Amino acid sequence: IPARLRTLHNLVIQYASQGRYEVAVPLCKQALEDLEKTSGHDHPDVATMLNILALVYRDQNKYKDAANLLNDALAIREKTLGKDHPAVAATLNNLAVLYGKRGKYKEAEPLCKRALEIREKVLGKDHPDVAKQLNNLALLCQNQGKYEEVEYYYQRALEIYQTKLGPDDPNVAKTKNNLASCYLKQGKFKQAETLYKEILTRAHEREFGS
């Protein structure tokens, strides 16, 4: 991300995190206006700026306002960076999240799957950004009740995370809790209780010393 933009990012998110949207929002909109003046609309820095203001709106739960901006950012990024660029998968995942926040889980799912395929096609089927996207897809299938698909995506992500980061990785514990719940939802008690035992024991192990 360009340097003068992330400084603005830090400043605006600081304001947002104090609930001071009356300052965060004008700063983003003016910065967007001034960016457009310098480089015209179809420029990566404009998409980046739109993503910052979409985050601020999301932080206020203005979900449809945020999607409008990211839909604009997505078209910019596809034209300027390409249909398979990682930033396009980033913008697709955020749109999947915003549609899901409006109960529009059937619109969300293609967007999230595309972001997954983009990340596999760039980072390889084993990258942990793929696991992260898998966790995001799993959560969306859960809100549609597709528990066999949830369990598949969580297993894939647990395997990426645990074979590629530590067994003591925050995400490994996070993905194990998610999958454990999903087993219990399905009635697969002995699979659910196998995972729960691991979580407890490893937690006890972490606090205890050598």
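Don't overthink the numbering: it's just position in the shown sequence, from 1.
Asker: Mind pulling up the entry and telling me whether 165-173 or 26-34 has the higher mean Cα temperature factor?
Answerer: Mean CA B-factor is higher for 165-173.
Asker: With respect to the recorded C-alpha B factors, which stretch has the higher mean value, 116-124 or 132-140?
Answerer: Result of the comparison: 116-124.
Asker: Going by the CA temperature factor in the entry, name the top one among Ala47, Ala54, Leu184, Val150.
Answerer: Highest C-alpha B-factor among the listed options: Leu184.
Asker: What third of its chain's C-alpha B-factors does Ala192 belong to: lowest, middle or highest?
Answerer: Ranked within chain, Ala192 CA B lands in the middle tercile.
Asker: Select lowest, middle or highest to describe the third in which the CA B-factor of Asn61 falls within its chain in this entry.
Answerer: Middle third of the chain for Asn61's C-alpha B-factor.
Asker: Mind checking which third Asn68 falls in for C-alpha B-factor across the chain?
Answerer: As the PDB entry reports it, the C-alpha B-factor of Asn68 lands in the lowest third of its chain.
Asker: Using only modelled residues of the chain, where does the Cα B factor of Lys79 rank: lowest third, middle third or highest third?
Answerer: Highest third of the chain for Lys79's C-alpha B-factor.
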